[PDB]
Each structure stands twice: as C-alpha cells, then as structure tokens.
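Q: Before I ask anything, let me first share the structure, which is written out below as structure tokens.
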Amino acid sequence: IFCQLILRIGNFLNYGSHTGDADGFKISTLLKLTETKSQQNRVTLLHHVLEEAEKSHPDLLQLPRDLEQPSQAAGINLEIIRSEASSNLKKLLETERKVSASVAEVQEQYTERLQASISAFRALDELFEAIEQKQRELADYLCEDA
Amino acid sequence: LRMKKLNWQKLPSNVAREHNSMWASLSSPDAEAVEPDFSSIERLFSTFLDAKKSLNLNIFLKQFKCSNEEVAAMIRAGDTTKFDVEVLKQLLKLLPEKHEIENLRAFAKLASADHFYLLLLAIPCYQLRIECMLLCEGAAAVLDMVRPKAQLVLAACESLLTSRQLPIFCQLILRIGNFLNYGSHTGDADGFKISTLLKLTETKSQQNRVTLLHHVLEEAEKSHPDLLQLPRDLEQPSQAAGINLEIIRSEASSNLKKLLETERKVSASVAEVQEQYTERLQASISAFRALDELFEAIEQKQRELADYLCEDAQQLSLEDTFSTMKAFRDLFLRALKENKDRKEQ
Amino acid sequence: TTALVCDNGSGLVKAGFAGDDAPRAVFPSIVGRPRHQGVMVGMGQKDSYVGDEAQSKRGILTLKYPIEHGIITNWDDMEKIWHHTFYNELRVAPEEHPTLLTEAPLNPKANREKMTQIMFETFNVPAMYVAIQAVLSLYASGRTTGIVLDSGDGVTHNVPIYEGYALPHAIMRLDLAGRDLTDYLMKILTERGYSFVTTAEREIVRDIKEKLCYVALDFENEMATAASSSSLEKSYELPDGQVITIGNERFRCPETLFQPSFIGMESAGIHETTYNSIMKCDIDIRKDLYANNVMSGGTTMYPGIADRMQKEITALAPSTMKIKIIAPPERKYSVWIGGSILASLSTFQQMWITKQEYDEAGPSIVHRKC
Amino acid sequence: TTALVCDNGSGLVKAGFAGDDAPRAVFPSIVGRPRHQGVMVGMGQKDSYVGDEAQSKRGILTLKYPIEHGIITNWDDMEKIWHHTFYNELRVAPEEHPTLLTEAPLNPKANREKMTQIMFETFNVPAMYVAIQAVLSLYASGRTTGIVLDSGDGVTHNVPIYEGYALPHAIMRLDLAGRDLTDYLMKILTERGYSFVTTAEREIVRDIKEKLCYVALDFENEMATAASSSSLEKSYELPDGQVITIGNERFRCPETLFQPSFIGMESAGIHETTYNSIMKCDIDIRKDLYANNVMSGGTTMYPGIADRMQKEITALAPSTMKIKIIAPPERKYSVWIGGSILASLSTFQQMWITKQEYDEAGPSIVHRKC
Ligand SMILES: Nc1ncnc2c1ncn2[C@@H]1O[C@H](COP(=O)(O)OP(=O)(O)OP(=O)(O)O)[C@@H](O)[C@H]1O
Ligand SMILES: Nc1ncnc2c1ncn2[C@@H]1O[C@H](COP(=O)(O)OP(=O)(O)O)[C@@H](O)[C@H]1O
Ligand SMILES: [Mg+2]
Ligand SMILES: [Mg+2]
C-alpha cells in the first residue's frame with residue numbers, strides 16, 4: 001500500500017520530465033523520501049503522506065509494527081557467521097583424524113566429544129541454506145539485481 | 001506550474017512488470033487502491049578548439065592579467081619581462097595544431113581563446129621566436145652552476161694527488177695488515193685498492209668497541225701532525241661526492257647542440273631577428289667553450305688520478321672515489337670523537 | 001549577475017565572488033550548541049551558533065564539524081552553514097545568482113546528487129557547477145600539468161593531473177592531516193604537564209602549533225640540539241593568562257608527516273606518497289611530473305617544509321631525475337583562487353546546469369554536463 | 001637480599017616484600033598537621049602525623065594529599081611518606097634492599113627524575129626500577145595481552161597491552177576518578193540537608209560512598225523507581241551518633257563515571273573511552289582485546305559496574321563480537337600483586353638500575369630503563 005501511494009504521488013511531481021511514469025523504484029528510494037521539503041521547510045513528503053495516512057490508522061501506520069524484525073536484523077552480516085561456522089568445522093575434522101590415530105585413552109573421552117559438536121553444526125549450516133532460498137525470493141520480490 | 005522533484009532509481013518498464021516483481025500486482029486491481037489528496041499536494045510543494053586545448057590556453061593567459069592584444073605584442077617583440085623558463089615550456093606545448101590552423105584559415109564571434117591564436121598567427125615564424133629566448137635564458141642558468149662543479153672536482157683531484165698523509169697512512173695499514181694476515185692467502189701484498197680504508201672499522205678488538213681504525217688513531221694521537229692532518233686535506237673531495245660529471249657534461253653538449261641547430265634557423269630569418277638576438281646566441285656559444293675546455297683538464301687530471309691509485313680504467317669512474325673518500329673521512333671523524341671520549345673517560 | 005564561488009573545507013569555509021583574488025568570508029566550519037542551562041530570559045537565545053559566532057562563544061559550547069575527512073556527514077548541519085554563508089557573511093540572495101562548488105577527489109557518488117537537490121530546490125539557484133579541489137589548485141598556480149599535494153585539514157591527497165584531467169589510477173590518499181596533527185600535539189604536551197582535554201581547548205592548542213611548530217631538516221640534529229641547550233624553547237600565553245613553554249616538542253609535531261610511526265600509523269610519509277603516486281604514471285610523463293610538485297592546503301604552511309621534502313625525494317628519486325617543489329606564498333587559499341579564475345572565463349558559461357535543464361533531469365544530471 | 005615493592009598510590013600506599021601474597025603495610029597517603037593551639041605541655045607532641053596516625057586524630061588536623069591526579073607535587077611530604085614506609089611500617093634498611101616502584105603512564109617526564117633522585121641519594125638504595133601500573137595489573141591475572149581499565153583514586157587511565165608491551169598510541173586517559181566522585185557526593189548531599197565541608201568530614205563522605213553506593217543498570221528506571229518508592233533508601237551512622245538517609249543519591253554518585261557531564265566534564269564515560277581505545281589498535285588484534293577487559297584499582301568495585309560495562313560495550317561493538325570483562329576479586333591490590341610476582345622472577349634480574357649506572361646519566365637514566 002505504501003509503495004503504491006508514493007509511486008502515485010511521485011508520478012504527479014515528476015510529470016513532464018525524464019523521471020516519472022515509472023512502473024517501480026528501488027528500495028533505497030524511501031531513504032530519500034524525507035529529503036523533499038515543502039513550503040514550510042519543516043514538513044517533508046514523508047510528513048505530508050503521514051498526515052493523510054493518519055486519517056486511516058490501519059493503513060500506512062501498521063507498517064512499523066511489521067518492520068521490527070528487519071530493523072533488528074541490521075548490523076548482522078552473514079559473511080562472518082557463515083565463515084565462522086565453516087572455519088570451526090574444518091578445524092574439527094582435521095583434528096578428528098589426529099585424535100583417531102592417537103591412543104584409545106584419548107578417543108574414549110575426546111573423540112566422541114568432537115563428534116557431538118560436529119553433528120550439532122549440521123543443523124546450523126542446513127538452516128543457512130534455508131535462509132539463502134528465502135532471501136532469493138525476497139531479492140526477486142523487490143525486483144533488484146542479484 | 002512546478003513541483004519539487006524527488007529522485008528515485010527508476011526500474012525498467014519491461015522488468016518491473018515481471019511476475020516475480022511486486023509491482024506487477026499493483027498494475028492490476030488486485031490490491032486495495034488508495035488515492036492521495038491531489039488538491040493539497042500541488043498547493044503545498046509548489047569555439048573551434050577542443051575543451052582540452054581551448055581551456056588550457058585561457059588558463060595560460062590568466063597569469064598575466066593583461067588583454068589578449070597586449071600579450072601578442074610581447075611575443076612579437078620578444079620581450080621577456082613577464083615570461084620565465086617554465087612559462088615558455090607551457091607555451092611550447094600549447095601551439096596551433098594541424099586541425100586548428102585549418103579551421104582558423106577556413107574562417108568577435110570567435111572566442112577569446114582562438115583570438116590570441118589569430119594574433120599569434122600574424123607574428124612571423126612564431127615557432128622559432130619562442131625557442132630563441134628559451135635557450136638563451138636556460139643557458140644563462142646552466143653555465144653558472146656547472147662551473148663551480150667543474151672547479152670543485154678539479155681542485156679535489158689536485159689536493160688528493162698532492163696529499164702527504166695518505167702515503168703515510170696507506171703504508172701504516174699495509175705494514176700492519178701484513179702482520180695481521182701473516183701465514184695466509186691474504187697479506188704480504190704490495191698494495192690494495194682505495195676501498196680497503198672503508199672496511200677498517202670491521203676489525204673489532206677484545207673490548208668489541210675499539211676497531212682497527214681506533215687503534216691506529218690511538219698511536220697516531222701521539223704524533224698530531226701525523227695521520228691527523230689528513231681530514232683537513234679531504235674536505236674538497238668530500239664535497240665533490242654526489243656530483244657526477246656525466247650529467248653535467250651531457251647537459252652542456254645537449255644545450256649547445258640545440259643552440260647550434262637554432263642558430264641556422266635564426267640566420268635564415270629576417271635581419272630584425274639578427275641584430276638583437278643573433279649576437280645573444282653566439283655569446284652563449286663562446287661562453288660554453290671555456291666550460292668544456294675545463295672538462296678536458298678535469299679528464300686529464302683524473303687520468304693521472306686513475307693511474308695514481310693503480311686501479312684499472314673504467315673501474316675508477318670518478319664518482320666512486322668521491323663517495324668512498326667522503327665515507328672514509330666521515331668514519332675518520334667519528335673515530336676521533338670516540339678516541340677522545342675514551343681518553344677522558 | 002556575477003557568480004559565487006564557495007569552497008567547503010573540513011576546517012574552514014572560504015566563499016565570495018568570482019574574479020577577485022582573496023576569499024571575502026573565511027570562517028571555521030563548526031556548528032556549536034549550548035551544553036548548559038539558560039538562567040536569563042531577557043537576552044535573545046538561539047538553538048545553534050554557526051561559524052565564527054560559535055568560535056567566539058566556544059567556552060560554553062561543544063563544537064561539531066559537519067565535514068569529516070572531506071565527506072559531508074551531518075547533512076542537516078551543512079545546510080545551516082551554506083545558509084549562513086549566503087545570507088549572513090556575503091549577504092547576497094542565492095536567487096538569480098549562479099554558484100560554483102568544489103568537491104574532494106574520489107567523492108562518493110551519492111554526495112554529488114545530494115548537493116544538487118539542496119541548492120536547486122531550497123535556494124532556487126538558476127545555475128550551478130561542481131569542480132574538484134585538486135583541479136582548481138593547479139589552475140591557481142599558472143599551470144595545466146602537474147602533481148598537487150593537497151594537504152588540508154581532513155585528508156592529505158596527491159592528485160597527478162594531465163591536461164586538466166586527474167589520473168584516477170594514480171590518485172593517492174593519506175589520513176595524516178592538520179586535525180590529526182593537533183591531536184598528536186596534545187598527547188605530547190602533557191609530557192611537560194599541560195593538559196588539554198576539551199574540544200574548546202583544541203582551538204587553543206591549534207594556535208600553538210600554527211605559530212611555534214616547524215620542521216627540522218635533520219631530526220637527529222634537532223634532537224641533540226634541544227638536549228644540548230635550551231635555545232629552542234619558546235613561550236606562549238594561554239587565553240586565561242598562563243604561560244607555557246615548549247622545547248623539542250616544537251619540531252616533533254609536524255615531523256609526523258614524514259615519520260608516521262610516531263602517531264601509530266603504519267603508512268609511509270608524505271615524501272614517499274608522492275614517489276609512490278608517480279610510478280603509476282607513464283615513464284615519459286615522470287620527467288614532466290617530477291618538476292611540477294605543487295603545494296596546496298593550509299597544513300603545508302610550515303617553516304622548512306618545501307626544502308625538507310626536496311631532500312627526502314632526492315634520496316628516493318634517481319640522481320639523474322630533477323625535482324622542482326612549487327610552494328606559492330598564497331597556497332592556503334589556492335583552491336578558491338583557481339575556482340575564481342575558472343568561473344570568470346567567457347567560454348566557461350557552456351558548462352553550467354541551467355534551471356530549465358534541471359527541470360528535465362533531477363539531481364542525477366550533475367554527473368552529466370561535467 | 002630480598003627485594004622491596006612499594007606502589008605509591010594517590011590515596012593509599014601499598015608496600016611490602018617481593019613474593020608475598022599480600023602487602024605488609026597499606027595506609028592512606030595523607031600527611032596532617034595540627035591547626036589548633038597546644039595548650040597542654042609536658043607531653044609528647046608531634047607536628048608530622050602521616051598515614052594511619054593522621055587518620056585517627058583527624059578531628060584536630062588538616063588532612064592534605066601529597067599526590068593529586070597522580071602527579072606528586074608536595075615533594076617534602078612524599079619524603080615523609082617514603083621514610084614512614086621504609087622505617088616505621090616495614091622497619092627495613094633501604095641501603096640493603098633493592099626497591100621497585102610503580103608509576104602511571106602519560107605522566108610528566110619531570111616526575112620520573114625526581115622520584116629516582118630521592119631514592120638513590122636520600123635513602124641510598126642499591127637498585128631501583130620503575131614499572132607501569134597497567135602492565136603490572138595484567139601480570140596479576142597471569143596474562144600478557146589485554147586491555148586494562150585502571151580507575152585508581154586520582155586518575156582513570158586505559159592501557160591496551162599486547163604480548164607484554166604497552167601500546168603508547170592507543171592509551172586513553174580520563175581525569176575523572178574516585179576522589180572526584182567523593183567531592184560530587186558532598187555536592188548532592190546538601191540537597192537533603194547534610195553539610196560536609198571540613199577535610200575531616202571529607203573522609204566521612206568517602207566511607208559513605210564505599211558502603212552505600214552502587215551502579216544502577218538502567219538510570220532512567222532506577223531514578224523512576226527511587227522516586228516511586230522508599231525501598232532503595234538506606235541509613236548510615238556518623239561518628240557522633242547522627243543518622244542520615246540517602247535515596248537516589250546512592251547510584252547517582254557512581255553514574256558520573258558513565259555520564260561525566262554531571263560534574264561538568266565533557267569527555268565521554270569509561271564505556272565509550274574503552275571502546276575508543278580499541279579502535280586505535282590494529283584490526284587484527286582487536287579480537288584479543290575485546291575479550292580481555294581486566295579491571296583494576298579501587299574505584300572499579302561499585303556493585304553492578306561489571307554488568308553495566310558489559311551492557312554498554314555490547315551496544316557499541318558489533319553484535320557478532322565477543323565481549324568478556326574479567327573482574328578479579330583482588331583488584332584493589334592488583335598493581336602490587338604484579339610487582340611482587342615480577343620482582344621474584346630471575347629474569348627481572350640483570351635489569352636493575354644499580355648505583356654505578358645512576359651517576360652515569362643522573363636522574364635521567366630512569367627513562368633509559370623503564
Ligand atoms: N601556519 C600554519 N602552520 C601549520 N598549520 C597550519 C597553518 N595555517 C593553517 N594550518 C592548518 O590548516 C588547517 C586548515 O587549513 P585548510 O584551509 O587547508 O583546510 P580545509 O579547507 O578545511 O581543508 P580540506 O579541503 O582538506 O577540507 C588547520 O586545521 C591548521 O592545522
Ligand atoms: N567498595 C568501594 N566502592 C566504591 N569505591 C571504592 C571502594 N573501595 C575503594 N574505593 C575507592 O578507591 C579509591 C582508592 O583506591 P585505590 O585504587 O587503592 O587508590 P590508588 O590506586 O590511587 O592507590 C578511594 O578513593 C575510594 O573512593
Ligand atoms: Mg581544501
Ligand atoms: Mg594505583
């Protein structure tokens with residue numbers, strides 16, 4: 001609902017120029033929605049659309065309730081969480097051969113400990129593949145390049 | 001009449017309507033359509049040269065603070081009041097091209113950048129005119145700097161040839177060196193290269209702080225006129241270090257070659273150029289003759305010096321002696337302070 | 001009509017009119033705000049003080065720089081500075097008054113669009129152009145091909161230029177500027193006892209470095225000189241009337257530019273940065289580029305700096321190579337001077353974004369027509 | 001001959017013997033002199049009550065600290081304290097025992113020479129060494145790489161250490177410390193009606209803080225809770241039998257460590273100061289520093305401070321980063337414990353500053369080996 005309203009309003013403001021009459025825009029546009037200023041210089045386009053949205057409370061005002069989870073997800077890059085899981089797994093497997101070749105006194109206490117941790121990470125990396133599939137739909141949902 | 005423009009990353013009209021794109025659903029009555037207040041939204045938010053050459057010419061003409069007509073007279077008259085060595089180089093690069101002259105000839109309405117070119121075109125042999133005073137002013141700043149270098153290296157060789165302490169000093173280490181290396185491949189040699197003195201400090205003693213140079217200086221401290229008057233004679237060769245004679249010789253020859261080449265071009269010009277620039281060029285030609293003549297004296301002086309040290313030719317390439325001798329003198333001074341410090345404490 | 005030229009720097013803002021020789025209004029680029037309680041009610045009070053007004057009342061304010069390392073961070077604070085410069089210092093209506101702006105090298109793509117929308121919409125400027133600090137710096141020195149050591153307050157730069165266009169592959173950058181130099185002086189000033197731990201007390205220690213600090217040709221010789229005798233000592237009087245004396249700390253503050261290990265940086269000195277940035281160019285050009293080292297910015301206005309680096313570059317450069325360090329006396333305001341020259345050209349009017357031109361393409365038009 | 005260790009603090013002097021688990025003599029570093037008239041005669045009277053003696057008779061004495069902000073100023077008072085430790089508290093002969101002393105970093109160079117000069121001449125010790133406070137603090141934990149927050153009595157300093165060596169370019173210093181928190185307590189105690197002005201009553205306010213003060217986890221909630229109910233109020237009995245009651249003054253006193261604007265200072269709190277000291281280090285070693293925050297000093301013992309710092313550092317560091325703060329129970333004597341450990345090791349020998357070397361460079365040899 002929100003992205004349709006700005007598209008309808010944005011076409012009105014950019015009528016007769018190179019911009020305007022576009023079927024869509026990138027998700028970063030909303031980050032520049034508050035830069036446009038009105039006559040008062042303190043009421044932006046975001047403020048004006050909220051004033052008419054304040055009339056219809058269920059519309060355009062229930063959005064921040066839905067944005068709490070994406071907001072909390074910011075600042076957590078997946079390039080260090082995926083590498084860390086793989087890096088620890090690689091070290092565990094390399095040392096798994098060493099302990100196996102050692103005396104059984106270490107294997108009875110430490111070999112089974114390593115296998116417990118190795119099996120635990122399997123569910124961790126499996127969920128990572130689920131995230132990759134989930135974000136693939138989201139990437140095409142916003143119609144943005146891979 | 002006008003609306004504030006908001007910038008967005010427009011998506012292509014053929015991609016934003018795809019099935020995966022969310023904008024496809026909005027294009028059809030599949031969602032709850034909402035309409036904004038259109039009444040309030042409108043009342044609340046309501047030359048012939050290329051740029052490379054043309055612009056560079058105006059920037060070149062903006063360091064004089066004069067009209068384009070005035071600067072043309074100075075070039076025609078050959079005045080150098082506001083023209084320097086570096087300024088001329090930029091003008092030499094900024095010259096009319098093959099396409100620039102054709103466009104101008106095929107032709108106020110034309111911009112001020114090309115206006116100077118039209119005035120410059122009327123100046124006869126403008127290419128030769130700029131080169132005439134570029135060489136003369138450059139030659140004036142060259143001879144007065146090569147000459148002190150030529151005298152310094154010549155004086156250093158004469159002092160080194162006439163030095164008295166080196167025959168005494170080189171004999172003492174040779175006598176000592178034979179004793180130190182008796183019964184081995186080294187030692188009992190008649191002489192050694194000049195680079196030997198640079199490795200004197202490498203021979204450490206039991207204290208590990210007194211070197212062979214320190215010890216021979218300790219015995220030389222008793223006889224102050226012996227082995228201690230040497231640094232007084234090494235001042236001139238020390239200053240000559242870092243000043244190679246190959247660059248200064250090439251520079252004099254290169255400028256003379258260019259000056260001689262332009263001399264024919266000047267002689268082929270009108271008599272106006274000859275009566276007030278030709279005598280300037282030949283004056284610099286005769287001045288450089290004494291410069292290269294002194295170089296032959298240096299070459300003769302160093303030829304004796306090359307055979308003075310009994311070293312092979314092309315191996316004692318002048319600058320090698322200057323660098324080694326300066327380092328040897330520098331190490332000599334440092335050892336003297338340590339020896340004096342050792343005596344007092 | 002006349003065209004305004006406005007230079008936005010990390011430390012100072014230099015603006016005025018095109019065609020002149022010196023900036024009309026140069027003031028520090030700060031926007032301070034009170035940190036206390038306003039007991040009196042009769043006097044007029046303001047939320048924020050911009051420019052030299054904040055510097056005068058800096059005893060009761062905290063000073064915040066809208067620009068850090070060349071990039072514009074606080075975009076709402078920089079809209080106050082431009083308003084202050086246009087309406088208070090110059091006192092000229094930006095309407096019917098085309099302006100020119102200078103942007104740092106390697107400026108982020110987003111910043112260029114942001115400024116275009118600010119001036120064209122809020123200020124309603126009929127025309128506007130955007131230039132580069134290093135390109136205008138070489139124009140003011142009467143040249144067109146050379147390498148510029150643009151060392152300002154935020155970031156030090158080495159931008160080799162060839163026929164009016166910079167070489168992006170050979171542009172270097174060092175984060176050893178004036179702001180980092182004055183913060184190192186405060187750390188070593190406590191070695192004698194004096195302590196400065198306030199932003200308002202940073203301006204006081206700025207003036208000590210500007211007046212008393214210099215560069216020594218031989219670091220060891222000056223190190224032994226200070227220890228041997230107290231001839232290097234100088235006295236400076238603080239605003240409150242106290243007197244402070246600094247000895248060997250005078251020449252150790254600007255020396256960090258040549259031995260960056262003092263401040264903890266692992267990079268090389270400014271002498272090596274020019275040498276490294278010169279090997280990325282063509283071999284033939286290196287002869288031309290070596291004799292056109294052009295200073296710029298205020299951070300290079302030190303005694304014996306145009307000679308110290310010439311001694312250093314001699315060691316790095318070959319013996320045959322020649323070096324010509326160009327240090328114009330007015331290098332503090334060189335960037336603005338070039339902009340004034342460029343805006344006054346008769347043929348330069350073709351490179352201006354007209355108001356009707358902006359009505360077709362938005363802030364993205366700045367990348368074109370430039 | 002066994003060695004000696006004496007950690008000259010701003011508020012307390014902790015001295016003992018090398019290898020001992022605990023200091024043999026800890027007494028406040030205060031020298032008091034009588035201010036009234038000695039009417040009685042024929043009795044043993046002294047005018048140099050120092051340390052524990054001055055604390056007992058503080059009603060008839062003016063208590064002065066010879067060390068302020070970690071910098072010794074009253075050098076005749078420090079000689080009395082050193083003589084008190086060597087001959088009265090420990091009963092040892094200085095000329096037969098090597099000594100080790102501890103000195104804070106970022107200290108004036110003049111402080112080091114004077115301290116060495118007194119001990120090698122007035123006391124004639126055979127060997128002496130000076131070590132950093134934060135380096136000895138990490139030796140107590142057994143580590144050799146970490147970041148130490150040492151909030152003593154006069155100064156709060158942060159020294160990141162790597163592989164047994166400090167990082168001089170990343171050390172942060174804050175003048176707000178324990179003593180400045182005591183003075184802020186008397187300022188807010190006048191709100192309820194209790195006035196403490198005398199330096200004898202200064203010690204009383206110190207003991208009120210050492211017992212009834214704790215660090216609130218959430219200042220906004222704990223201030224709202226304190227005004228909502230009287231469940232936070234405690235009681236303290238003065239030496240004359242009078243009782244006082246403090247409510248939200250319990251946690252408002254140590255909160256200044258995290259909001260230094262309460263006492264008028266401008267620098268950020270210890271949580272932001274520690275974070276800023278990490279980013280001054282290399283990015284490849286920040287993994288070893290973000291998980292080794294080892295507090296020390298007396299002032300770090302407000303209950304809840306360890307939890308509070310972990311919460312504040314977490315909001316600054318990246319979410320994936322691991323933050324672990326070590327808070328040893330014996331952090332009051334951590335600086336002394338490291339010194340006792342170090343002096344016993346045979347590696348510390350052949351590193352003494354003997355008498356035959358001090359006269360070579362005078363009091364300036366302390367900088368040669370420190
Ligand atoms: N005489 C001087 N000696 C030393 N430093 C100086 C001197 N004069 C000015 N400076 C330095 O110049 C700095 C600012 O000068 P400048 O005008 O080059 O900065 P700027 O315009 O803010 O820079 P930039 O373009 O990098 O943002 C000051 O912070 C100061 O340290
Ligand atoms: N339990 C406590 N709670 C709060 N502060 C304390 C506590 N114990 C000691 N302090 C503070 O520690 C300070 C001195 O401790 P210490 O770190 O030994 O000083 P220094 O290191 O300067 O010798 C005192 O000023 C006191 O305020
Ligand atoms: Mg600048
Ligand atoms: Mg301490």
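All residue names refer to the structure tokens as shown: chains lettered A, B, ... in order, residues numbered from 1 in each chain, ligands numbered from 1 in order.
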Select the residues contacting ligand 4 at a distance of at most 9 Å, based on only C-alpha atoms and all ligand atoms, then format the selection as an MDAnalysis selection string.

A: chainID D and resid 7:14 70 102:104 133:134 150:155 296:298 332:336

Q: Determine which residues of chain B sit within 8 Å of chain A, taking into account only C-alpha atoms, and present them as a ChimeraX atom specification.

A: /B:3-13,15-17,20-23,26,31-37,44-46

Q: For residue C:308, list every protein, DNA or RNA residue within 8 Å, evaluated using only C-alpha atoms, and leave out those in the same chain fewer than 3 positions away; present the list as a PyMOL selection string.

A: chain C and resi 215-217+304-305+311-312

Q: May I have the selected residues written with C-alpha atoms, as a tab-separated table (two decimals), in the first residue's frame?

A:
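Below is the file that was written, out-v5.tsv:
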chain	number	residue	atom	x	y	z
C	215	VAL	CA	60.06	21.23	10.53
C	216	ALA	CA	63.70	20.25	11.09
C	217	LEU	CA	65.91	19.24	8.17
C	304	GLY	CA	61.33	24.49	6.04
C	305	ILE	CA	58.84	22.01	4.58
C	311	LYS	CA	65.98	16.50	0.45
C	312	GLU	CA	63.87	13.38	1.06

Q: Could you tell me which residues of chain D sit within 8 Å of chain A when counting only C-alpha atoms, and give me the result as a VMD selection string?

A: chain D and resid 318 to 320

Q: Which chain C residues are at most 9 Å from chain B (counting only C-alpha atoms), as an NGL selection string?

A: :C and (117 or 121 or 139-145 or 163-165 or 319-320 or 341-342 or 345-348 or 359 or 362-364)

Q: Go ahead and write the residues just picked, C-alpha atoms, as a short mmCIF file (atom, residue, chain, number, x, y, z; two decimals), in the first residue's frame.

A:
data_model
loop_
_atom_site.label_atom_id
_atom_site.label_comp_id
_atom_site.auth_asym_id
_atom_site.auth_seq_id
_atom_site.Cartn_x
_atom_site.Cartn_y
_atom_site.Cartn_z
CA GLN C 117 18.99 18.90 -5.00
CA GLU C 121 15.31 23.34 -4.65
CA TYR C 139 44.88 26.40 -12.15
CA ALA C 140 45.71 28.97 -9.46
CA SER C 141 49.44 28.17 -9.82
CA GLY C 142 49.50 29.08 -13.52
CA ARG C 143 49.91 25.52 -14.82
CA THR C 144 47.93 22.76 -16.50
CA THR C 145 50.03 19.61 -15.92
CA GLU C 163 45.98 18.43 -19.31
CA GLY C 164 43.15 19.34 -16.96
CA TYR C 165 42.02 15.80 -16.06
CA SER C 319 70.28 11.02 -9.33
CA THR C 320 69.53 11.97 -12.95
CA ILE C 341 39.63 32.08 -12.37
CA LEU C 342 37.56 29.26 -13.88
CA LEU C 345 36.13 32.58 -18.27
CA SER C 346 33.95 33.66 -21.18
CA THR C 347 33.85 30.13 -22.63
CA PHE C 348 33.02 28.57 -19.24
CA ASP C 359 13.55 20.52 -14.86
CA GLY C 362 16.90 15.58 -11.50
CA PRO C 363 19.97 15.55 -9.25
CA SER C 364 21.40 12.73 -11.37
#
